Amino acid sequence: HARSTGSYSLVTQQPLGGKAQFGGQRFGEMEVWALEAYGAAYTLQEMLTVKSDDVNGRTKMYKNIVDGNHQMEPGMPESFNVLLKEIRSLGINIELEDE
Amino acid sequence: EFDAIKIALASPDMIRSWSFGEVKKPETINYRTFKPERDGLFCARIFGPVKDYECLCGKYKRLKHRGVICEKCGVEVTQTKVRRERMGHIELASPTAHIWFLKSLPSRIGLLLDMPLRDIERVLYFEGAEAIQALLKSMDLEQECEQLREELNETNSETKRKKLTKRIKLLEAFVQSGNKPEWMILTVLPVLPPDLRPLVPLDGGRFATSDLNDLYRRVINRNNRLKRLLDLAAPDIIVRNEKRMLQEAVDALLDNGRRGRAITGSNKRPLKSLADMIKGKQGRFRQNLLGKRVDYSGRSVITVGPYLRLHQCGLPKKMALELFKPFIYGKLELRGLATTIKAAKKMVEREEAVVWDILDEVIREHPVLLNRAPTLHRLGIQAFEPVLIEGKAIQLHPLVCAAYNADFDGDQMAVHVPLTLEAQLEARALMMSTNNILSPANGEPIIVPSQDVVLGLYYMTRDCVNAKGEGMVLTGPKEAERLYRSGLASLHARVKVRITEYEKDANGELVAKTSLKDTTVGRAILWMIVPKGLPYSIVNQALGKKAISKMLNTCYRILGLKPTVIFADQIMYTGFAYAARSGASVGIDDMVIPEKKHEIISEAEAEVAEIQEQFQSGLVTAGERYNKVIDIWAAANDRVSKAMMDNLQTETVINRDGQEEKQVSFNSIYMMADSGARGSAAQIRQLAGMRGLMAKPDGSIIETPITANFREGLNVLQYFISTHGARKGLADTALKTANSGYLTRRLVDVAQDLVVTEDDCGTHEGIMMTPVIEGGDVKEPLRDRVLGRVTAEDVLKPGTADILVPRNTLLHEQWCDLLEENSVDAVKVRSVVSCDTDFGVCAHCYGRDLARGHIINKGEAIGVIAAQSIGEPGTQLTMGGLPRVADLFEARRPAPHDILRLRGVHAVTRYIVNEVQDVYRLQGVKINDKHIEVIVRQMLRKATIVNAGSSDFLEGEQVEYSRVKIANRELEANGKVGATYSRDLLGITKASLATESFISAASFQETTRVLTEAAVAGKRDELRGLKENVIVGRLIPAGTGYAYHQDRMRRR
Amino acid sequence: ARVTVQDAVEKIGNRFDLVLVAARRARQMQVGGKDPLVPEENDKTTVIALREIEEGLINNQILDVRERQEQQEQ
DNA sequence: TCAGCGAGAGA
RNA sequence: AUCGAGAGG
DNA sequence: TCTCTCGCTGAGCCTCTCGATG
Ligand SMILES: Cn1cc([C@@H]2O[C@H](COP(=O)(O)OP(=O)(O)OP(=O)(O)O)[C@@H](O)[C@H]2O)c(N)nc1=O
Ligand SMILES: [Mg+2]
Ligand SMILES: [Zn+2]
Ligand SMILES: [Zn+2]
């Protein structure tokens, strides 16, 4: 089985996970540990933003790869926003301190 | 666009500020039709348009009028994404308590008050919490703290001081945080956004529903039932009971199951609350933020490819054509073969010949990453150059298997594609297989031939007597090759050949020497692949596994890296080529049974009989014949095994010339065992000797052994006996993997933030190194323990006023040989445990890099490396013992505490290191002591204050060691008196939860209490560790990102 | 640039900064439209940059002065 | 289920 | 899209 | 001060298949 692009889950807009559903492979915690022990920061940042639940970054990255420019500008994942909204739902104030 | 995350308690005004809609009285979405009903949980007005740029009534549908609310229906036009952003609120009619601040072992909603938990619960259960709300409102914190401070001094009992300090700390923290009282009791409730709790359609008309929408509706109806009752002025008897029914309802939306009798739904399973969506293996932290599913990936079965070079792998073309789609689209657009995306997609789908050349050019110099699932160390992911093949399986290099722990009996593998220039360069420069030849856990090579290669090279270099072609004199290796390929000579003939070899002259210049040497044909043939610079004596013998490893290491040391990979590939080709030509096989007559066996057993059966006679008339204890019979059987088994090996090792007798002689035999099993390719001595014992003595399931020794082997088979009773051990081994393997995994995760969590940040800290302390001698046999010498360290002080020669060793020197192989030429003493070291660096370690206190050979660089994540290096052999052992090391690393009480208190950090360091190495060495596992020292340094990061001094303190004041040291250093130049502190020791699980960062502590485990303390303290997170930046999605402050972060602090 | 990169590591000093310099130099050729300093030989920008670094013609302080020259002219 | 460690008991 | 049952490395 | 009940906490990783009930 293999995949390049496809469909994403509804709440956490990450790829689905079955061959019958045309899903992607899972990059777990131990693989993150291995990349950290290598020191490959840009590969990890690719693995967490552009190939995952970041929405504008993957679109811009696809257009750039089509145009021949191998460069990414990442953003914030949606799962963090979901976690923040749930924490707010529990009656607790949590904030990103811009200052 | 941000640098910190702040957490604090919420207020009714903040909750109403977060909201877009009023109190939601309606209960249901609307089941009849798609349009939701107003004012309820799902609502078009509150949370925004259901469809992009279209109002619910449909009066406005298109852009230029955007930003204008419709008049007739009052609907704003906006993108539907806002439906996963906005929130709402429920305005209650009666106040309700928050279960989190009440339900805990240190209950903090009644910690400020003096009421016990039982009494507070009884008042709250009414057998609505206006009493609690008013009591918290009326309390004055400043006067209470002033009274408690005076009361603390008067008290002379240690037990009384324990509670007073806890109360004072909580009061002071609550005052300084800024959170007002009476906020732990709710008056408004927030509502989660709609699109994060959606309703999913089904094949039939019915829709799947979420648990949250049920609990919310239950709370809404139970709270709204009190709304109408207020106007009717019902008797207080009915009023009180409903209030309690409200309480539990709220305790349903919040953490469920914390007070017993968890609510359930249609099935017989409890419903999952909001607290269930944040913790556990299925929560957000451990399932969606520290790991996720990715694009540009694939999976398949793996097969061996024997023709590849070490930096290549074989990739199927059907997978590749789909993995690299956008690059093909772009290159198709570049050459004019298409004019649109749809045309290119159709052209790729209806595959032509032109697209295959495009695929050939896209992947010409593009690496890929391969990964095997269990992923125990960092070598479980590597990078390769892909070669397009036919079929469906993946081809893998034989030399990388042992690092992957892979064999070709059904294993699968995953593949990923880098996309940016930085990622491609990192893959080429850091993760390429040609870069990884030395272990990070020790200093041993990770590529090593085995099995058929070893057997082929061993057979190629053996020696016989009176073989064909013996006695010739040759001009060189080419004449030997010609004679062997013609058919005029044997590989095992003893001859004289003229050989030339090169050596280092004085500065790396190769100088040649030529002579005559007695050797064999095969050795001279093999000499043609050895690189220039190595002596001839390294192949003039029978080459086993260890000899081949030694050859590879010598070539790496003398000549470097580039010749080494070529030498390895040539060795693999030669071994595979010459294993096939021998026709080595296995047959039933290879397993030879000694002739005297039938004697040794029989006489033994006599002796066991004789002691039985001694049991007829009382002469020996009935508990003594057991031992004597067991000893007799052990001696008999030893005799039989010795006879078998003595017959098998010299089984060949040879007629040299009219005379007989003995030589090493050519029996297949014996050569397979001797060369080191497959098979230990005990397995040969079982195959052709005696099976031995078994054990009962309890652990006792069964008196009668198995006198048969696997050649002459077993009967029913012996076979039945031998099943207990097999089942016990399989059960032990099946159930102890989880313990190793849990220990590894704990070790990774305790040390994930340690990074090399400087070069020299300036300290002068250290650890004295001495050889480990116990009982009389030196278990550990005094050479390997100090290889690669840095001397803390000057080392003196065995004489007055003599300095044997220069300071700050880095000991390498040549230096080690020079030292061992006249070694008379030992060397002190600097340890990472004794390092004055703040927030990290310095290079000279660490040492050299085991993977590379030189001094450790800046930006290394040595903590993760230590954690993997320790956790890998424990897991690999699975598929005293593990409980012993888990008991040490958790600081379990039987003591290390007294060791630290009485002899410093050296005592605990020595105790833990020695007691871990004792367990690990019994299994023959090699791990350097640096990693254990890293973990121990992480195990002690807290100090207990005693004397306040001139700085701020709170008597006990368990604080960070680094912060106390910083305060003492700051209050030194100005002139003052510092504080007094003692060092504490903690277990890894306890040490992980007491960290300055609450995000990582919440990520580890026990989310609820960590979040409770953080919310009541008003903590602030600075995003300094690896895990925090992983969770937020930024470059980690290590490796290729390190400089980036150093730029950031230079911008402020 | 091919099979092994050890020479460029020795010429720059460590792998982490070598990656950054190589990426910065490769982006100039790929996107900014700049000519190579070696025969191209049907190679990608990454390996071309690695070869130029191994030859000694490219390092960080060279890419500083070269860019400073362009700013003055413009 | 089974350890592990507080927390709250008392003679 | 969970809940039970098995299977592979 | 020194035993004795009383309790929430935690328990390896990645794939595949079926049915029943939403
Ligand atoms: C059952 N299981 C198996 C594995 C993985 O499977 C590998 C061996 O599985 P295997 O089929 O190749 O058999 P093995 O090589 O040991 O012996 P034979 O080839 O028969 O001689 C083993 O390394 C291990 O990582 C795991 N991580 N968890 C499990 O629960
Ligand atoms: Mg296998
Ligand atoms: Zn409208
Ligand atoms: Zn230091």
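Numbered from 1 within each chain, the chains take letters A, B, ... in sequence-line order.
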Quick one: salt bridge (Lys or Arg N to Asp or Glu O under 4.0 Å) pairs with a partner in residues 871-886 of chain B, sequence neighbours left out? B/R884-B/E915
For F/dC14, pucker side given by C1'-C2'-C3'-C4' sign: north
What is the distance, to the nearest angstrom, from the CG atom on B/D255 to the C1' atom on F/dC8? 12 Å
Geometric cation-pi criterion A/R3 and A/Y8, 6.0 Å radius, 45° cone: yes
So for F/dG10, where does the sugar sit by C1'-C2'-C3'-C4', north or south? north
Salt bridge check: are B/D195 and B/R83 linked by an N-O gap of less than 4.0 Å? yes
Measure CD/B/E890 against P/D/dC5 and give the value in whole Å, please. 8 Å
Tell me whether the sugar of F/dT5 sits north or south, going by the sign of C1'-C2'-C3'-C4' (positive is north, negative is south). south
How far, in whole Å, is D/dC2 from F/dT15 if one measures between their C1' atoms? 31 Å
Take atom CD1 of B/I381 and atom P of F/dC13, then tell me their distance rounded to the nearest Å. 16 Å
Atom-pair distance (CZ on B/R1009; P on F/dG10), nearest Å: 9 Å
If the threshold is 4.0 Å, N to carboxylate O, is there a salt bridge linking B/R941 and B/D984? no
List in chain and number order the residues that pass side chain to side chain donor-acceptor pair (under 3.5 Å) with A/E86, two or more places apart in sequence or in another chain; answer none if no residue qualifies. none
Considering only distance and modelled atom types, tabulate donor-acceptor pairs under 3.5 Å from the side chains of residues 16-30 of chain A, sequence neighbours left out.
residue, atom, partner, partner atom, Å
A/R26, NH1, B/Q287, O, 3.4
A/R26, NH1, B/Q287, OE1, 3.4

Just jot down the side-chain contact (heavy atoms from CB on, under 4.5 Å) partners of B/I446, sequence neighbours excluded, or say none. B/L379, B/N436, B/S439
Between the protein and nucleotides 15-19 of chain F, which nitrogen or oxygen pairs come in under 3.5 angstrom?
residue, atom, partner, partner atom, Å
F/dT15, OP1, B/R293, NH1, 2.6
F/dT15, OP1, B/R293, NH2, 3.2
F/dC16, OP1, A/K19, N, 3.0

Writing each nucleotide of DNA chain D 5' to 3' as (, ), [, ], | or . by Watson-Crick or G-U pairing under 3.5 Å yields |||.|||||.|
Residues in side-chain contact (heavy atoms from CB on, under 4.5 Å) contact with B/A406, at least two apart in sequence or another chain: B/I302, B/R372, B/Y404, B/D411
What pucker does F/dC18 show by its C1'-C2'-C3'-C4' sign, north or south? north
Whole-Å gap separating P (F/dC14) and CG (B/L376): 12 Å
Under 4.0 Å, heavy atoms only, any strand: does A/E29 hit a base, just the sugar-phosphate, or nothing? nothing
Atom P, compared across D/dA11 and F/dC6: separation rounded to whole Å: 15 Å
Please state the P separation for the pair D/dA3 and F/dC13 - nearest whole angstrom. 23 Å
Can you sort out the partners of B/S300 under side-chain contact (heavy atoms from CB on, under 4.5 Å), two or more places apart, ordered by chain and number? B/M319, B/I394
Looking only at the side chain of B/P106 (C-beta and beyond, no hydrogens), which of the listed nucleotides D/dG4, F/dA11, D/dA7 gets closest? D/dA7
What is the distance from NZ of B/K990 to P of D/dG4, rounded to the nearest Å? 14 Å
Can you measure B/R286 atom CZ to F/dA11 atom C1' for me and round it to whole angstrom units? 10 Å
Under the convention that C1'-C2'-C3'-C4' above zero is north and below zero is south, what is the pucker of F/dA11? north
Suppose the criterion is salt bridge (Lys or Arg N to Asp or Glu O under 4.0 Å): which pairs have a residue in residues 732-747 of chain B, not counting sequence neighbours? B/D732-B/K736, B/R746-B/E890
Testing F/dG22, F/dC13, F/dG10 for proximity to the side chain of A/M30, the answer is F/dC13
Rounded distance in Å - NZ (B/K279) to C1' (F/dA11): 17 Å
Touch class at under 4.0 angstrom, heavy-atom based, for B/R892 against every strand present: sugar-phosphate
